[PDB]
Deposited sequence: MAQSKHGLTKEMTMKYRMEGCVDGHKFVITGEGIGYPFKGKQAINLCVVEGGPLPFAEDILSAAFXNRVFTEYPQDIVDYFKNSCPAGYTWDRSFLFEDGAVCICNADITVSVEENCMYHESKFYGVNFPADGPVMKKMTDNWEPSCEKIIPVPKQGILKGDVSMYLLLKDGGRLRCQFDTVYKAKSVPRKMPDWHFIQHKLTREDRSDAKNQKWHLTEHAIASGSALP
């Protein structure tokens, strides 16, 4: 219980959202390894299923506590535990679609469990584009830049994301994030990178829309001396 965290934890999720008028509620449960930056989770659509849009748009909405940090970069995210942190992100897709997500991350030390409460809102997905036609095929691995805002004790993230398409295409999406510990820390990192790789697998059956998501993320500094 280094910040209320252990090497292997469980996770619970609740998301509420609305994309172009369609409302939904998703719940999920998972297992993660904070110090390795690995998590695996299972989502279940509990109201508003089947979703009219690609599951993939929600991937990055479903916790930077799961990042591998080297000893020599301040870990803002684990340092905020157990009370945790919140974040707010915009998604700017290349075809005009725009999303906002918010989450609240909190630890129950007694249950050894991370709690995740999020809101997802999206507008203006083209009726005929690959999101609404469900023709996407996962996000490409990425490199996010994390930038301290020292007067405020918050972080920004900047990542140019590429949603891969079933037909061999790619659809660009610009992510801009604000990360806020519930207590603004005296101890802040320098700017650094976080690299991410996701997987996603639909496991839907006749009763429920369900899928399985994975992330592996590792922090680092610049490769140049």
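- Unmodelled regions of the deposited chain, listed from N- to C-terminal end, are 1-3, 66.
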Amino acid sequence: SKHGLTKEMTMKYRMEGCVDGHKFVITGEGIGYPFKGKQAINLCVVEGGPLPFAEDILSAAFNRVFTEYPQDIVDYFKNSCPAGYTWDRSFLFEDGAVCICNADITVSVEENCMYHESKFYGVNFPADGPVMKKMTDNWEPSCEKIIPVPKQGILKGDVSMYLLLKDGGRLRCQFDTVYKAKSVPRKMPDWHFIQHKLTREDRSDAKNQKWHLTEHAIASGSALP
From here on, numbers count along this sequence of modelled residues.
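- Listed residues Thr177, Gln174, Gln195, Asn42 were ranked by CA B-factor as deposited; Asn42 comes out on top.
- Looking at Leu155, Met114, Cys143, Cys99, the one whose CA carries the top B-factor in the deposited record is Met114.
- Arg89: CA B factor lies in the lowest third for its chain, per the PDB record.
- The entry lists a Cα temperature factor for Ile147 that places it in the lowest third of the chain's modelled residues.
- Placement of the Cα temperature factor of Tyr33 within the chain: highest third of the modelled residues, per the deposited record.
- In this PDB entry, the Cα temperature factor of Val46 sits in the top third of its chain's modelled residues, the highest group.
- When the CA B factors of the chain's modelled residues are split into thirds, the value for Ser118 lands in the middle one.
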